[PDB]
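Protein chains in written order, with the authors' numbering: chain W, 37 to 135; chain I, 68 to 135; chain X, 16 to 102; chain J, 20 to 102; chain U, 12 to 119; chain R, 12 to 119; chain V, 28 to 122; chain S, 27 to 122.
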C-alpha cells in the first residue's frame, strides 16, 4: 500500500546528484584517524599538518573514483551492470598497480 | 622502412633515415603491440569468451589512458 | 595524554555507506555485497605508497611534521600531481 | 603491384604472430582492421617527436638517438640502442 | 635612468624578469640566452589565458561570476586540447564530469 | 706524489671519478658533495651486480656461457622485486615471459 | 616577514584582459598558482635537455620553441609559437 | 680516428667477472648495461636535484642520495642499497 520506488531508480538520482556536487565523501574524522594509524609504523610520533591530512583526502578519493569509474566499463564489458570483486582485479591489472 | 618513410614524409619533406633508427621503431611497435594483446586477453577472458574482439582493444586502451 | 595513539580498527573507518557515495560518484548503479572488503584492501595499499614517500621527505629535512608542501611532492612522483596546495 | 597505401604492408599473418606472442588464442576476423589503426596512431606520435629534434639539430638524418629519446618522453624507454 | 619593465618592453603581461630568475636559480642550464625567458613568459601568457578564459565562460554559464574549482575543472576536462596536458593531475575540490553510461539508464 | 684512484679507496669498481664529473657537469646542482659520487657509485654497484647475478643464472638454464639479451629480459622480470624498478621499460629482442592463462589450455 | 613569492597578481591581470568583471576566488587561484608552476617546470625540463642533448650549453629562444611542440599537444603548439615569435620580434623591435 | 666515445663498457665488464668468473657477455647485452646504468644514474641524480631545490640547500650531499635511493628503489632493495654506500663512505672516510 505505501508508495515505493522501483529498485535502482533511487541510485540514478544520486548518480546525478553526487556527480554534480564537489564536496568530500569519506567521513572526515575517521579518515584522518586512519592516516595516523597507517603512518604510525613508518615513523614515531608523527604530527600531520592538518592542511596535509585533507591533502590526502582530495588525492586518494580522486583515485578511488578513478577506479570505480574504470571497473564500471569492465562490468559493462562483461554484459553485467553490478561491479564485482573479480572486476577490480582486472581493472588494477591493466594499469599495472597490482601485478 | 617503406611504412615509416611515408608517415614521416607528412611531418616534413625529404627525410633520410639512419638505418639503425628504423630498427629502433621496429622494436617499439612490436613492444607496444605485444603488451596490448597480452592485456587484451585479460579483457577477453574476463568476458568468459576466449577470442579477442575489436571491442576489447578499445576497452583495454581506455583503461590505460591512451584513448584520450 | 603524553603516550599512545589511535592504532586499531581505523581501517573500518570507511563504512559501507561511506564507500557507497564514492561508487555513486563514479557512476555505478548496482553494488555487490563483497566490494567493500576489497577496496579497503586497495585503498590502504595506495595510502601506503603515498605516506611512505611522504614521510621520507620529512625525515630527511629533519622535521617531525608532514606538510602539504610534501604530500604534494610525494604525489608528484606517482603521476598524481595535486594542484591547489602548492607550487 | 606494391603501389598502394603501405599500411596494408603490415600483413594479416604478421598481426597473428604478435597475438600468439601476446598469448592470444583465437583472433577474430575484424581485429586485422582495428590493429592497423592502433599502430597508425602510435607511430603518428613517436615520429612526430623524432623529427622535431632532427629539425632542431640541423640534421637531415633522423638518427638512432633521436628515437630513443622520443620513446623516453612517452614513458617507454628503449634500452639497447644508445644512452 | 627611466627604467622600464621588460614585460612592458615586449608587451607581456607575465613577468619577464622573474622567469629569467628561475632559469638560473633552478639550474636548468649554466647559461641562459637573452631570448628564452621572454618566450617562456608569452607561452605561459597564452597557456594560462585559455584555461582561464574557458573557465570564465562556464561559470557565467552557471550564473556565478566568481571562478571556483568546480568551475575550473570543466574548462580542462571539456576542452579536448588541454585535456591531453592535464591528463595526470587531479584538481583539488574539483568534482567530476557528469556522465552516466548508456547501459546504465533504466529500461525505458 | 703517488696517485691512486678514489675507486680503489672506496672499494669500488664503478668510476667514482667519472660519476663525479657527470654530477658537476650534469647540471644537477651548483656544488656536489665530495662524499656524493662515492655513495652513488656503490648504489649502482648493487644495482648492476643484482641483475647480472640473476642474468648469469638464466645463462646456465640455457647452458650458454655467453649472456644474451634474451636472458636479461628473462632475468629482470621473474624477480618480482626488481620488476617494480623496471615496470615500464622494454629491452631489445627481449621476448616475453612464457605464460598462458589456464583457460586456454584444454580441461583434459 | 615570511615573504613567499608566487604568481597571484599576474594571473589575476591576464584574467582582466580577457574578462574585466569575473573575480577569481582564492582556491581557484591557488590552483593557477600550482598550474603555472607546473607547466613552467615541465617546459623548462625539455628546454634543458636539448641543450644537453646537442652538447650545447645555453638555453635560448630556439631550444624553447622545439620544447613547446613536444609538450603542448594539438594546435596549441601552433597557436602558442605564434604568440612566441611575435613576442621576441616585438622585444627585439624595442631592443 | 678521434673523438673518443665514452661508455661503461669496461666497468660493467669487471663486475661481471666477480659474481660469474666464467660468464662471457654479449656485445648488445652490454649496450643494454651501458644504457641501464646511465638510466638509473640519471633517475637518481635528476631526483637528487629536486631535493636540493626543494630544501633550498644548494648542494647534493650523501644524505640526498641516501633518501632518493630510498625512494626510487622499491621496498627491499632500499635496505641493501644504502648499505653498499654507507660502508663505502665509511671506508672512503676511513682512508680519505
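Backbone N, C-alpha and C fix where the C-beta goes; we use that ideal spot for every residue, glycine too.
Our two residues, residue 68/U and residue 61/V, have alpha carbons roughly 21 Å apart in a direct line.
Rounded to the nearest angstrom, the gap between the Cα atoms of residue 64/R and residue 21/R is 22 Å. Residue 47/U does not reach chain R, its nearest Cβ partner there being about 15 Å away, counting only Cβ pairs nearer than 7 Å. In the three-state reduction of the DSSP assignment, residue 78/W falls in the coil class, being assigned neither a helical nor a strand state.
Here the C-alpha atom of residue 90/S lies approximately 14 Å from the C-alpha atom of residue 68/X. Rounded to whole angstroms, residue 89/R and residue 98/R show a C-alpha spacing of 12 Å. Under the DSSP definition of a beta bridge, residue 46/X partners with 119/W.
Taking a 10 Å sphere around the C-beta of residue 57/W, we find fewer than 16 other C-beta atoms and assign the residue as exposed. For residue 97/J, the enclosing beta strand (DSSP E) starts and ends at 96-98. With respect to the 8 Å criterion, residue 115/S and residue 59/R are not classified as neighbours on the basis of their beta carbons. Between residue 58/V and residue 83/U, the C-beta spacing is below 8 Å. Contact with chain W is found for residue 111/U, since one of that chain's Cβ atoms lies less than 8 Å from the residue's Cβ. Here residue 72/W has 82, 84 as same chain residues with Cβ atoms under 8 Å from its own Cβ, once five neighbours each way along the sequence are excluded. The DSSP-derived three-state label of residue 67/V is helix. Residue 49/S has a beta carbon lying within less than 8 Å of a beta carbon in chain R. Residue ranges of uninterrupted alpha helix (DSSP H) with 4 or more members, entirely inside the segment 18-62 of chain U and ordered along the chain, are 27-36.
By the criterion of a C-beta distance shorter than 8 Å, residue 97/W is surrounded in its chain by 60, 61, 62, once the five residues flanking it on both sides are discounted. Distance between residue 49/X and residue 74/V, taken at the CA atoms: about 50 Å.
At a cut-off of 8 Å between beta-carbon atoms, residue 34/R makes contact with chain S. Runs of the alpha helix (DSSP H) spanning 4 or more residues and lying entirely within the segment 18-82 of chain X occur at 31-41, 51-75, in chain order.
Here the segment 98-111 of chain W does not lie against the segment 75-85 of chain X, with fewer than 3 beta-carbon pairs under 8 Å apart. The beta carbon of residue 29/J lies closer than 7 Å to those of 55, 58 in the same chain, with the five residues before and after it left out. Nearest to residue 113/U by alpha-carbon distance, out of 49/W, 117/W, 128/W, is 117/W. Against residue 30/S, chain X offers no close residue; the least beta-carbon distance is about 37 Å (beta-carbon pairs closer than 7 Å). Between residue 29/R and chain J, the shortest Cβ-Cβ separation is not below 8 Å. It is roughly 21 Å from the alpha-carbon of residue 20/J to the alpha-carbon of residue 51/J. Excluding its 5 nearest sequence neighbours in each direction, residue 92/J has C-beta neighbours in its own chain below 8 Å: 68, listed in chain order. Taking a cut-off of 8 Å for Cβ pairs, the segment 39-48 of chain U and the segment 79-97 of chain V touch, as three or more such pairs fall below it.
Nearest Cα to residue 61/J within the set 100/J, 99/J, 23/J, 89/J: 89/J. Taking a beta-carbon distance threshold of 8 Å, residue 51/J does not count as an interface residue toward chain S.
Within 10 angstroms of the beta-carbon of residue 84/S lie fewer than 16 other beta-carbons, which makes it exposed. Taking a 10 Å sphere around the C-beta of residue 35/U, we find fewer than 16 other C-beta atoms and assign the residue as exposed.
Around the CB of residue 65/V, 16 or more other CB atoms lie within 10 Å, so the residue is classed as buried.
Annotation: residue 68/W to residue 78/W spans about 16 Å, alpha carbon to alpha carbon. Within the model, the alpha-carbon separation for residue 85/X versus residue 46/S is close to 43 Å. Residue 124/I carries a helical assignment under DSSP once its states are collapsed to helix, strand and coil.
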